[PDB]
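Working notes, beginning with the structure itself.
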Amino acid sequence: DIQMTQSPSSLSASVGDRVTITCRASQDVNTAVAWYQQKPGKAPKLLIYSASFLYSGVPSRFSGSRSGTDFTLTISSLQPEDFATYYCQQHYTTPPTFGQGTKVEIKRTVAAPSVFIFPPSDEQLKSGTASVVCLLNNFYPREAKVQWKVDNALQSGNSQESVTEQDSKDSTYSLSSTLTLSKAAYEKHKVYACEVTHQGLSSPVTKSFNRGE
Amino acid sequence: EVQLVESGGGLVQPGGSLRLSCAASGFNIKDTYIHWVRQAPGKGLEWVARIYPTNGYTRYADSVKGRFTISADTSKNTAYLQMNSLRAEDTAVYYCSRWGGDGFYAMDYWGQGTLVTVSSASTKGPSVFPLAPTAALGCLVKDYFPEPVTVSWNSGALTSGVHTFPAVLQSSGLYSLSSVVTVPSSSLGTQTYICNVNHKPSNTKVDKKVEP
C-alpha cells in the first residue's frame with residue numbers, strides 16, 4: 001500500500017559526473033529503504049540498505065541518504081560500468097514495493113553511425129520471404145531516424161528496429177532495421193535503400209542496392 | 001559464499017501449472033524470509049510472495065493471491081513457487097531472494113532468475129541466413145519461439161566488434177534477430193566467418209558460414 005515514486009525515469013551523464021536519483025515514499029517508511037542496480041540480462045544487485053549503508057563490495061562512489069520520506073542515491077563519479085537501471089525499494093510494510101526504475105546511460109561525444117545494407121540471401125528467397133537489413137554501427141546519441149525506400153517510395157508498416165545496449169568500451173549504440181517482404185513483392189522492385197538521419201551526419205546517408213546486380 | 005539457485009522455468013500453456021524451486025547454499029533458510037520477485041519483459045520489478053520457512057507463514061501479492069502457492073522444505077534448504085491458472089500476464093523472469101538480517105540488509109542475495117513464458121504457441125527452431133558482406137557481415141536468425149537464442153562467432157574466437165541485437169517479436173508471433181560483426185575488408189574471401197546459433201527450447205544448433 002506504500003508507493004515509491006522514483007525520479008527521473010532516465011538520465012544521461014558523462015564519466016566522472018555526480019549522479020542523483022531520488023525516491024519519494026507515499027508515507028513514512030522510517031529508514032527501511034534499499035537501492036538496487038540491475039544491468040541488462042542480470043539479476044538485481046544490492047547497493048544500499050537501511051537508507052544509507054553501503055553494501056559489501058559496492059564501490060565507494062555509491063551512497064544513500066534520507067530526509068523524511070525522500071530518499072536519494074548518489075553516484076559521486078559515474079563510471080562506464082554503471083550503465084544500468086536503478087531501483088529503490090521500501091520494506092516498511094508488506095508488500096515491499098519498488099520504485100519504477102531509473103535508466104542511467106553514459107554521455108559521450110556525438111559519433112555518426114557507419115551504415116551497411118544487406119540484401120536477402122538466396123537461401124531465404126527460396127523459402128518464400130525476403131528480409132532486407134540496414135545496420136547502423138557504433139553511434140551516439142541513441143536517437144536516429146531510419147527510413148526505407150523501395151523504388152524511391154517511402155515504406156510504412158513493414159520494418160522493425162532493434163538497438164543494442166550501450167557498449168561497455170566506447171559507450172556507443174548499434175541499431176538494425178529489418179524490412180520484411182514476400183518473395184513475390186521483393187521481385188517486383190529494383191532499388192532498395194535505407195536513408196539514415198543522425199546528429200553526427202551533416203546530411204542523411206543513403207545505402208542502397210539494385211536487386212540482382 | 002551464499003548462493004540462491006533457481007530451476008523449473010520454461011514454456012507453459014495458458015491455464016497450466018508450473019513449479020519453480022529456489023535452492024539455498026551457504027546459509028540455512030530457517031533463519032530468513034524467502035521471496036519470489038518477478039520481472040516481465042521490458043518492465044520493472046514486482047514482488048510476488050514471501051515465506052518464513054520455520055513456521056511456514058506466507059504472504060502474497062494481490063496479483064497472484066489464490067492462484068500461486070509459496071512453500072519451503074527446511075530439510076532440503078529449498079523453497080518453491082507453485083504457479084497455477086497461469087496467464088500471459090505471468091510471463092516473466094522469476095527471481096528468488098531473501099531478507100538479509102531479518103530485513104535490515106534488504107534483499108542482499110538473489111538467484112540468477114528463471115524465464116517463464118505463458119503462451120499457446122508451439123516451440124519452433126530458427127532459420128539462419130547469412131548477411132553477406134571495414135566490412136560488416138552477420139547472420140539473420142529468423143522465426144523462432146520461445147526466447148532465448150544465443151549467438152557466437154567462430155566458436156567464441158571472434159568477440160570484438162560483434163553486436164548481437166535483442167530479438168524482436170514479429171507480427172507472426174515468432175521472434176527474429178540479427179548478429180553482426182565488423183572486420184577488416186582485407187580478411188574477406190580467406191578468413192572464415194561462422195555464426196554459432198543455439199536455441200535450447202527446440203534443441204536446435206546451427207553453424208552457418210557467411211561467405212561474400
Side-chain angles (χ1 to χ4, degrees), chain A residues 110-125 130-140 144 146-149 159-179 186 190-198 200-213, chain B residues 126-142 150-166 176-197 206-212:
Chain A
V110 175
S114 297
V115 186
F116 304 87
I117 186 164
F118 297 98
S121 64
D122 297 332
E123 190 191 344
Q124 187 192 14
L125 287 179
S131 301
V132 195
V133 178
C134 187
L135 168 66
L136 282 65
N137 208 50
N138 298 347
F139 62 95
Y140 188 90
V146 180
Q147 295 192 306
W148 285 98
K149 304 207 217 199
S159 61
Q160 298 188 281
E161 295 187 348
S162 182
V163 191
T164 55
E165 304 282 351
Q166 202 170 23
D167 181 82
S168 62
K169 280 300 152 46
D170 75 349
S171 304
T172 62
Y173 299 94
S174 292
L175 181 152
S176 70
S177 184
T178 301
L179 180 80
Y186 174 71
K190 185 198 187 198
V191 181
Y192 289 83
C194 66
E195 186 184 43
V196 175
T197 305
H198 186 268
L201 301 167
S202 322
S203 52
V205 166
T206 302
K207 296 290 179 180
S208 67
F209 65 86
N210 298 325
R211 171 183 58 83
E213 294 182 15
Chain B
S127 299
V128 185
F129 306 113
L131 294 167
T134 295
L137 62 102
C139 278
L140 169 62
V141 179
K142 195 175 160 53
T150 59
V151 181
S152 61
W153 283 91
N154 295 343
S155 300
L158 182 56
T159 50
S160 77
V162 172
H163 296 297
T164 298
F165 287 91
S176 182
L177 65 82
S178 286
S179 178
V180 303
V181 57
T182 55
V183 299
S185 276
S186 54
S187 76
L188 290 56
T190 62
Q191 166 66 262
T192 284
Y193 293 106
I194 299 170
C195 68
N196 323 110
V197 178
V206 176
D207 299 307
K208 189 59 143 191
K209 179 191 289 191
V210 182
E211 273 167 330

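Chain identifiers are assigned alphabetically (A, B, ...) following the order of the sequence lines, protein sequences preceding nucleic acid strands; residue numbering begins at 1 within each chain.
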Taking the side chain as everything from C-beta on, heavy atoms only, tell me whether A:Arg211 gets closer than 4.5 Å to A:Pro119.
no
Kindly compute the distance separating CG (A:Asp167) from OG (A:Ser174), expressed to the nearest 0.5 Å.
7.5 Å
Enter the distance from B:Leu140:CG to B:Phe165:CZ here, rounded to the nearest 0.5 Å.
12.0 Å
What distance do A:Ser114 atom OG and A:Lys207 atom NZ have between them, rounded to the nearest 0.5 Å?
8.5 Å
Do B:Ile194 and B:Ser155 come close enough that some side-chain heavy atom pair is under 4.5 Å?
no
Considering all heavy atoms, the nearest A:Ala112-A:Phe139 contact:
C-CB, 3.9 Å
Within-4.5 Å side-chain heavy-atom neighbours: B:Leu131 and B:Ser178
yes
Under the rule for side-chain hydrogen bond (donor to acceptor under 3.5 Å, both in side chains), what residues qualify as partners of B:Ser179, not counting sequence neighbours?
B:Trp153, B:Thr164
Relative to each other, are the rings of A:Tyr173 and A:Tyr140 parallel, tilted or perpendicular (30° and 60° limits)?
parallel
Is any side-chain heavy atom of A:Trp148 closer than 4.5 Å to a side-chain heavy atom of A:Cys134?
yes
Close side-chain approach of B:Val128 and B:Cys195, heavy atoms under 4.5 Å:
yes
Distance check, rounded to the nearest 0.5 Å: B:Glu211 atom CD versus B:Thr192 atom OG1?
8.0 Å
Under 3.5 Å, is there a donor-acceptor pair linking the side chains of A:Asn138 and B:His163?
yes
Please report the shortest heavy-atom distance between A:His198 and A:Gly200, naming the atom on each side.
ND1-N, 2.9 Å
A side-chain contact here means heavy atoms from C-beta on lying under 4.5 Å apart; do B:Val210 and B:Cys139 qualify?
yes
With a 4.5 Å heavy-atom cut-off, do B:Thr150 and B:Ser152 have their side chains touching?
no
Minimum heavy-atom distance B:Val180-A:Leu135, with the two atoms named
CG2-CD2, 3.8 Å
With side chains defined as the heavy atoms from C-beta onward, is the minimum distance between A:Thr206 and A:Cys194 less than 4.5 Å?
no
Can you tell me if A:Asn137 uses its side chain to pair, donor with acceptor, with the backbone of A:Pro113 under 3.5 Å?
no
What one should report as the nearest heavy-atom pair of A:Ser208 and A:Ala193 is CB-CB, 3.6 Å
Does A:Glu161 reach the main-chain N or O of A:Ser177 with its side chain, forming a donor-acceptor pair under 3.5 Å?
no
Calculate, to the nearest 0.5 Å, the distance between atoms OG and CD belonging to B:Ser127 and A:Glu123 respectively.
7.5 Å
Nearest heavy atoms of A:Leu125 and A:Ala130, plus distance in Å
CD2-CB, 3.6 Å
Main-chain N/O of A:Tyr186 paired with A:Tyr192 side-chain donor or acceptor, under 3.5 Å:
yes
Between the CG atom in B:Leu137 and the CG atom in B:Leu188, the distance rounded to the nearest 0.5 Å is 7.0 Å
I need the minimum non-hydrogen distance between B:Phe129 and A:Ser121, along with the two atoms involved.
CB-OG, 3.6 Å
